[PDB]
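Encoded as structure tokens, the structure appears first; notes follow it.
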Amino acid sequence: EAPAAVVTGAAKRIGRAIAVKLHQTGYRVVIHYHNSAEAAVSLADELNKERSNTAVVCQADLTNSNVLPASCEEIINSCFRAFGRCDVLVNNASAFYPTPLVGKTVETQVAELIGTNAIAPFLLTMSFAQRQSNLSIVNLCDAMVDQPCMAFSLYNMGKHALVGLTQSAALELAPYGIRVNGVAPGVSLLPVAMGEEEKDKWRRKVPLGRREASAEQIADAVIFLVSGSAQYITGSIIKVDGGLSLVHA
Amino acid sequence: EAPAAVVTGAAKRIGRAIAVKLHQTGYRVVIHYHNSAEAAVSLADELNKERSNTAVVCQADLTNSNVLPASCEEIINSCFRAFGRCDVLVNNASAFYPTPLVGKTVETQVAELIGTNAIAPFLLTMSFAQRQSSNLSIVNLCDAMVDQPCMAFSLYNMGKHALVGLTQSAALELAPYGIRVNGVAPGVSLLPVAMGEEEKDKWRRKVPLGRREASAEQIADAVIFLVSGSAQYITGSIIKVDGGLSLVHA
Amino acid sequence: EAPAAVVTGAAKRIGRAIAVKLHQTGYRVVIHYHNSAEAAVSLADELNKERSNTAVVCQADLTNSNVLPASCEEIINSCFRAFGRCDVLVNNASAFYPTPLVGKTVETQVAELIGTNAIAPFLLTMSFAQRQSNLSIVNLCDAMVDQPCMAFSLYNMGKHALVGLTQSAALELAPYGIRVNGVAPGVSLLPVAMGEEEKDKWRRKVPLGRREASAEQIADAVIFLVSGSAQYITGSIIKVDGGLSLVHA
Amino acid sequence: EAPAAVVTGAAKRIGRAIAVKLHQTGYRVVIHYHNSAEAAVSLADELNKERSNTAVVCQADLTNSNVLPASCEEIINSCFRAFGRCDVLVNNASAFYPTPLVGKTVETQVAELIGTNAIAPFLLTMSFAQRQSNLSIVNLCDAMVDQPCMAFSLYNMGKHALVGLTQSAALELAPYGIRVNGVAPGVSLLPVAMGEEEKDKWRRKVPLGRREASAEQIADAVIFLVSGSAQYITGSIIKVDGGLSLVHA
Ligand SMILES: NC(=O)c1ccc[n+]([C@@H]2O[C@H](COP(=O)([O-])OP(=O)(O)OC[C@H]3O[C@@H](n4cnc5c(N)ncnc54)[C@H](OP(=O)(O)O)[C@@H]3O)[C@@H](O)[C@H]2O)c1
Ligand SMILES: NC(=O)c1ccc[n+]([C@@H]2O[C@H](COP(=O)([O-])OP(=O)(O)OC[C@H]3O[C@@H](n4cnc5c(N)ncnc54)[C@H](OP(=O)(O)O)[C@@H]3O)[C@@H](O)[C@H]2O)c1
Ligand SMILES: NC(=O)c1ccc[n+]([C@@H]2O[C@H](COP(=O)([O-])OP(=O)(O)OC[C@H]3O[C@@H](n4cnc5c(N)ncnc54)[C@H](OP(=O)(O)O)[C@@H]3O)[C@@H](O)[C@H]2O)c1
Ligand SMILES: NC(=O)c1ccc[n+]([C@@H]2O[C@H](COP(=O)([O-])OP(=O)(O)OC[C@H]3O[C@@H](n4cnc5c(N)ncnc54)[C@H](OP(=O)(O)O)[C@@H]3O)[C@@H](O)[C@H]2O)c1
Ligand SMILES: CN(C)c1nc(N)nc2[nH]c(-c3ccccc3)c(-c3ccccc3)c12
Ligand SMILES: CN(C)c1nc(N)nc2[nH]c(-c3ccccc3)c(-c3ccccc3)c12
Ligand SMILES: CN(C)c1nc(N)nc2[nH]c(-c3ccccc3)c(-c3ccccc3)c12
Ligand SMILES: CN(C)c1nc(N)nc2[nH]c(-c3ccccc3)c(-c3ccccc3)c12
């Protein structure tokens, strides 16, 4: 029987590439999404056309609130309901925008940035562990977490907290055979929202090829960590950044 | 005119040691507290006996909620109200208890552990900056053992990791405003009030430098250094005060 | 045409396992050794018996000296002489013994521990780059480098230097398309000879399975890093440590 | 009576500021130097004029060689000869120049850069410990050690090794009551001869004040670490960098 994975924020960009690559490796997948319903459904259709009954969708807002724990339990339950098992969890969903220290209320900014990047991953990890082979969790971290973008305090706080969870959960879940690791992009998939000077600016900074990573290149590191070639790896965060984090100001 | 400082969770233990040391150094202090009203007012009294109108208490819950930003703005406002200025913010208040992955609800555990150790610091830092020859700084109480977490303390550890991020992010963003943001990271310092002595000494024997926990004063000494003119170029630095504990393998 | 790899300290233990796995993967290999002449020649014999003309040995002392640069240049030259190309360098060879602060002279301890663990990797890197495809270098680091063993200051200084080399070379060699990464064991392959009681003491410290890594598990991470699935990864150090580095005192 | 301190490389710039500030705090000092004999002699004169026979000079090359251990033992011996005690060691002396991976020979660059930045500090640390209250060692590290300057591998390796020494020696010397810490400048006291327009290119990068640290600001962290206000501080590296290491590419 085929193992099953949950991928959060899987309708597009990097999460989509991760879902596709896991599916290509033999996994049945739960495609979690928030607003991108059309793309999520379209992906499930593509994957199921490829192998019957190997993809479902699960919608949820991963903003922090009093109902988040239940939402996270529901996402995990989705995988068990469809597939009878949940082997892999990939915490990819993430809000990202500036929150200057000096439009949304600040409390809403806290809820979204800290929720998606950290609390939800924790609650998902909890539900995943409680519901239990090669079991593992992969968290999408930031290679430049110690050289933060100006004015992105809350995002960066969420991403540091995710490092904490990766390490703490690796330690605590190791007794149950559940590995917990991170994959930490530098820049990958520059937005269409972004100008040509701005994109070029980022690309010129990347030592290895002066270009951003493709989504597939991020997904390759996820595949490695969930594989049997990573059986002794837990609590490790693998940068997939082309050397970007090594470049001083 | 004397500068003024806000210390969170300053009614007892390390926070009090910090408020006391700042006060001795010439600061006027806002003693924030949550449940320890008697301890806070008593400290405020001691300090005002030393110098009149140099201490005030300020009560606030720093659990995450949708009014936390208001609460944090009020704390800073209380320093301006009392003293006409606010030079130093120390983020010391902290909830600490296990939250196993496998009867406070989890919502409450998330709110208290992430609110006190990270979100309140952020919102206080926001309010401190917004409300502004001077020496403005923020000191965050971090964990020296943040990368070797205690078993079953994931939310507390997430909170402290987030506080590293805030220290770095805020150092970067507030530097152009003349506001320095640093950390002090104890290893083991004042042991929990309810801990016994088979266990207190088990923590003590782990510490390379002296086989003993740090005194509150020793933690405060590092805080006083970072707020001082002797640290005028230091920002985004987290100073470990751990007797080498973080260097010891399993 | 088959790519080629130099593995230092490859006659036994972890370097041998890395050489065996690269070879099983399709590489021709230079098996470098210092003293284990017999284990080394036996390994080339066996690999060549499996695929003709795919392994050679190369003897060099990697202690620091004024001749170390020529010795490192010759190692890389030996790979080109045998195979016509040099695609991969694995800096595995390492002296390891205590050097307390309070039979070998200190001169000799410095030369052996700092030479093998840091200066030879640097010179081999230089010769690798100067002599020049998915080109990459993998350095064998320590997962515990920031929680050092008591009385192992020079060994630890070496392994820290190795971290700096991994990062500096990743940055500098990126424009040439050469990736530089690290694999960081916690405990792996305990000396057959170390006492059993001491062995079980190390084993009981590892969160994931309460056992040391196999040599093959370490090699798996090397294989990942030199592969086409790691083409945007440079300057990354992957712990393969079962969470050991995460455990407080 | 008054404590005593060795400062390596103390004839000018940051080492000189450290020596002066220690002396002003009440220490007697050994002013170590290599080439700068006029400045070292002149400094000791100035300090002895303040307080009689509270300063001596000591010349030594700290390049790695077979005689480096005796050289370092003689530096510590010189403190004992002059003042009968040695309470503080400041490892400040450092060679700094590029060593590209692609007329000094490379073995000489290894010897100078690894010798001054790491091996001499180790040797001085050994001698200091052997010859033994508030005893401590302060090592001059880099805030930018994980974002290395392009083509400065050997220097960066040296500074990484020095982090490792700081930590290893803190652990090992703690039972002797000797604390071991570091001070990590970002950019400080730029060379007088560097054009001001090149100086401004570094300055512009520093978040706190768009300027470099004074030598005195660096010395202030050293004075803190050696003081009774840092009596529980060991194995800590304090960045004094105006936020520079936080700024991304
Ligand atoms: N791209 C990079 O260069 C880069 C760099 C560093 C780190 N990362 C990390 O790598 C991961 C993938 O990056 P990305 O650029 O692909 O991410 P992204 O496109 O910014 O976001 C991925 C998905 O997150 C989901 N999401 C956002 N807010 C949400 C909410 N409130 N509740 C539930 N889901 C929500 C969205 O779902 P819907 O679209 O369905 O609304 C979105 O598709 C992220 O964790 C990111 O932080 C990426
Ligand atoms: N002690 C150590 O060994 C150690 C180790 C590592 C890190 N640290 C860090 O150093 C700091 C001081 O340590 P400590 O042991 O002195 O701290 P503590 O005694 O555990 O807590 C300090 C104060 O935090 C306040 N607090 C707790 N929950 C709160 C809430 N919901 N809202 C507002 N305030 C709240 C309490 O105020 P009231 O009493 O008024 O309710 C308490 O007095 C903490 O940040 C801690 O994490 C300490
Ligand atoms: N085993 C672990 O738990 C562990 C933990 C952390 C890091 N690592 C790292 O992983 C790598 C492999 O570990 P290992 O246990 O397999 O190493 P090892 O058995 O201690 O050393 C491997 C080889 O190093 C070579 N070597 C030693 N001194 C040399 C010299 N002066 N010149 C040239 N070569 C020399 C030896 O070659 P000859 O036999 O031919 O003389 C030896 O076979 C090392 O870099 C090590 O530091 C291992
Ligand atoms: N300046 C910065 O921005 C910066 C940044 C990062 C780290 N640091 C560190 O802070 C410390 C002080 O920096 P700096 O800029 O003041 O250093 P520096 O001027 O480049 O060098 C300091 C002294 O090192 C001595 N030295 C050089 N080679 C030597 C050798 N082979 N043997 C013995 N002594 C030798 C020299 O002595 P003589 O003059 O007597 O020959 C020199 O005066 C250094 O360890 C440095 O790496 C500084
Ligand atoms: C949709 N995008 C742009 C992202 N989405 C999410 N959820 N997280 C992101 N993190 C980054 C980022 C963060 C720090 C340093 C570099 C890239 C990014 C980012 C920022 C710039 C260019 C490309 C990616 C990012
Ligand atoms: C009241 N106490 C005990 C604390 N309070 C707060 N708010 N934070 C704390 N953090 C720790 C701690 C964390 C990691 C490693 C060691 C101690 C502790 C801690 C835990 C055990 C022994 C001493 C201190 C701690
Ligand atoms: C042959 N051995 C014993 C080694 N050889 C080399 N070249 N390097 C080694 N590094 C380690 C090590 C170092 C720090 C923490 C754990 C293992 C070790 C090590 C030390 C103890 C048990 C297992 C491995 C080691
Ligand atoms: C005399 N100088 C220039 C130095 N001397 C020594 N012994 N070490 C030095 N380290 C640096 C440095 C290294 C990395 C990043 C920034 C500055 C420097 C440095 C490099 C550039 C500008 C100012 C200082 C430096």
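Lettering and numbering for the structure tokens are positional, with chains as A, B, ... in the shown order, residues counted from 1 in each chain, and ligands counted from 1 in the shown order.
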Closest atom pairs, residues of chain B within 9 Å of chain D, only C-alpha atoms, as a tab-separated table:
```
residue	atom	partner	partner_atom	distance
B:168	CA	D:246	CA	6.8
B:169	CA	D:246	CA	8.1
B:171	CA	D:243	CA	6.7
B:172	CA	D:243	CA	6.2
B:173	CA	D:207	CA	8.0
B:174	CA	D:207	CA	8.5
B:175	CA	D:208	CA	4.7
B:176	CA	D:208	CA	6.2
B:177	CA	D:208	CA	8.5
B:178	CA	D:208	CA	6.9
B:179	CA	D:208	CA	8.4
B:180	CA	D:208	CA	7.9
B:208	CA	D:174	CA	5.6
B:209	CA	D:174	CA	4.8
B:210	CA	D:175	CA	7.0
B:211	CA	D:175	CA	9.0
B:213	CA	D:232	CA	8.9
B:214	CA	D:232	CA	6.7
B:215	CA	D:232	CA	8.9
B:218	CA	D:232	CA	6.8
B:219	CA	D:232	CA	8.6
B:221	CA	D:229	CA	5.5
B:222	CA	D:230	CA	7.1
B:225	CA	D:224	CA	7.5
B:230	CA	D:220	CA	5.6
B:231	CA	D:221	CA	7.2
B:232	CA	D:217	CA	7.4
B:233	CA	D:242	CA	5.0
B:234	CA	D:240	CA	4.8
B:235	CA	D:243	CA	5.4
B:236	CA	D:243	CA	5.7
B:237	CA	D:239	CA	5.8
B:238	CA	D:238	CA	7.3
B:239	CA	D:238	CA	6.2
B:240	CA	D:236	CA	5.7
B:241	CA	D:233	CA	4.9
B:242	CA	D:233	CA	6.3
B:243	CA	D:232	CA	5.0
B:244	CA	D:234	CA	5.4
B:245	CA	D:171	CA	8.6
B:246	CA	D:235	CA	8.6
B:247	CA	D:167	CA	6.8
B:248	CA	D:171	CA	7.4
```
Just want the 10 Å neighbourhood of residue 108 in chain C, counted on only C-alpha atoms, with same-chain residues fewer than 4 positions away dropped. Output as an MDAnalysis selection string. (chainID C and resid 63:64 103:104 112:115) or (chainID D and resid 66)
Go ahead and dump the residues you just picked, N, CA and C atoms, as a JSON list (two decimals), in the first residue's frame.
```
[["chain", "number", "residue", "atom", "x", "y", "z"],
["C", 63, "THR", "N", 49.15, 15.53, 7.22],
["C", 63, "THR", "CA", 49.72, 16.41, 8.22],
["C", 63, "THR", "C", 50.20, 17.71, 7.59],
["C", 64, "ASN", "N", 49.99, 18.80, 8.30],
["C", 64, "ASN", "CA", 50.49, 20.08, 7.85],
["C", 64, "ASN", "C", 52.03, 20.14, 7.75],
["C", 103, "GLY", "N", 53.13, 11.08, 23.73],
["C", 103, "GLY", "CA", 54.46, 10.98, 23.12],
["C", 103, "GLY", "C", 54.65, 12.09, 22.10],
["C", 104, "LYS", "N", 53.55, 12.56, 21.52],
["C", 104, "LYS", "CA", 53.60, 13.60, 20.49],
["C", 104, "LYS", "C", 53.87, 15.00, 21.02],
["C", 112, "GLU", "N", 49.02, 17.66, 12.80],
["C", 112, "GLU", "CA", 48.16, 16.51, 12.42],
["C", 112, "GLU", "C", 46.67, 16.85, 12.49],
["C", 113, "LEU", "N", 46.26, 17.49, 13.57],
["C", 113, "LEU", "CA", 44.83, 17.78, 13.78],
["C", 113, "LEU", "C", 44.35, 18.96, 12.91],
["C", 114, "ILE", "N", 45.15, 20.00, 12.81],
["C", 114, "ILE", "CA", 44.76, 21.12, 12.00],
["C", 114, "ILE", "C", 45.03, 20.83, 10.51],
["C", 115, "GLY", "N", 46.14, 20.17, 10.22],
["C", 115, "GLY", "CA", 46.40, 19.74, 8.82],
["C", 115, "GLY", "C", 45.33, 18.85, 8.23],
["D", 66, "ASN", "N", 57.61, 25.49, 14.03],
["D", 66, "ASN", "CA", 58.09, 24.63, 15.11],
["D", 66, "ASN", "C", 58.49, 25.40, 16.36]]
```
Strand (DSSP E) positions in range 72-197 of chain A, given as a compact mmCIF listing (two decimals) with C-alpha atoms, in the first residue's frame:
```txt
# COMPACT_ATOMS: atom_id res chain seq x y z
CA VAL A 88 4.39 12.57 5.85
CA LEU A 89 3.45 16.13 6.78
CA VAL A 90 4.91 19.09 4.88
CA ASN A 91 4.35 22.46 6.55
CA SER A 136 8.42 12.29 8.92
CA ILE A 137 7.62 15.96 8.98
CA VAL A 138 9.28 18.64 6.79
CA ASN A 139 9.03 22.27 7.64
CA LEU A 140 9.62 25.03 5.06
CA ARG A 179 11.77 12.43 12.03
CA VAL A 180 11.37 16.22 11.81
CA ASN A 181 13.48 18.31 9.40
CA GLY A 182 13.45 21.60 7.50
CA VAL A 183 14.14 22.76 3.99
CA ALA A 184 15.20 26.44 3.82
CA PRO A 185 14.98 28.22 0.41
```
Check which residues fall inside 8 Å of ligand 4 when counting only C-alpha atoms and all ligand atoms, and print them as a PyMOL selection string. chain D and resi 8-15+32-37+39-40+59-63+91-96+112-113+115-117+139-144+159+184-191+212-213+215
Counting only C-alpha atoms and all ligand atoms, which protein, DNA or RNA residues come within 9 Å of ligand 6, given as a VMD selection string? (chain B and resid 13 92 to 97 116 to 117 141 to 146 148 to 150 153 156 to 157 186 to 193 195 199 to 200 203 213) or (chain C and resid 248)
Selection to disk with C-alpha atoms, as a JSON list (two decimals), in the first residue's frame:
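Written out: again-v1.json:
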```json
[["chain", "number", "residue", "atom", "x", "y", "z"],
["B", 13, "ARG", "CA", 13.26, 37.08, 40.69],
["B", 92, "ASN", "CA", 11.51, 39.72, 30.95],
["B", 93, "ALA", "CA", 7.99, 38.42, 31.68],
["B", 94, "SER", "CA", 7.58, 34.84, 30.57],
["B", 95, "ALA", "CA", 5.24, 31.89, 30.97],
["B", 96, "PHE", "CA", 7.03, 28.58, 31.26],
["B", 97, "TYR", "CA", 5.58, 25.04, 31.48],
["B", 116, "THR", "CA", 4.44, 36.32, 26.84],
["B", 117, "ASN", "CA", 7.72, 35.18, 25.27],
["B", 141, "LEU", "CA", 15.45, 37.84, 28.06],
["B", 142, "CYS", "CA", 16.34, 34.89, 25.83],
["B", 143, "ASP", "CA", 17.38, 31.26, 26.45],
["B", 144, "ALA", "CA", 21.02, 30.17, 26.15],
["B", 145, "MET", "CA", 19.71, 26.64, 25.55],
["B", 146, "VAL", "CA", 17.33, 27.60, 22.74],
["B", 148, "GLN", "CA", 19.04, 22.30, 22.85],
["B", 149, "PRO", "CA", 15.36, 22.43, 23.93],
["B", 150, "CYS", "CA", 13.95, 20.75, 27.03],
["B", 153, "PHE", "CA", 8.60, 22.36, 25.95],
["B", 156, "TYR", "CA", 8.00, 27.76, 25.19],
["B", 157, "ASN", "CA", 10.97, 27.00, 22.91],
["B", 186, "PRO", "CA", 20.53, 32.81, 31.00],
["B", 187, "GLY", "CA", 21.32, 29.08, 31.13],
["B", 188, "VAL", "CA", 20.07, 28.18, 34.59],
["B", 189, "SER", "CA", 19.60, 31.04, 37.02],
["B", 190, "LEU", "CA", 17.09, 31.34, 39.82],
["B", 191, "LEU", "CA", 15.61, 27.90, 40.12],
["B", 192, "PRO", "CA", 11.82, 27.45, 40.13],
["B", 193, "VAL", "CA", 10.23, 28.36, 43.50],
["B", 195, "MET", "CA", 11.70, 22.88, 42.81],
["B", 199, "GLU", "CA", 16.59, 18.33, 41.27],
["B", 200, "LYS", "CA", 18.04, 21.83, 41.94],
["B", 203, "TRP", "CA", 20.82, 21.32, 37.30],
["B", 213, "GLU", "CA", 23.17, 28.60, 38.81],
["C", 248, "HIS", "CA", 21.04, 19.33, 26.47]]
```
To one decimal in Å, tell me the separation between atom 24 (O, counted along the ligand's line) of ligand 2 and CA of residue 15 in chain B.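 Calculated distance between atom 24 (O, counted along the ligand's line) of ligand 2 and CA of residue 15 in chain B is 7.9 Å.
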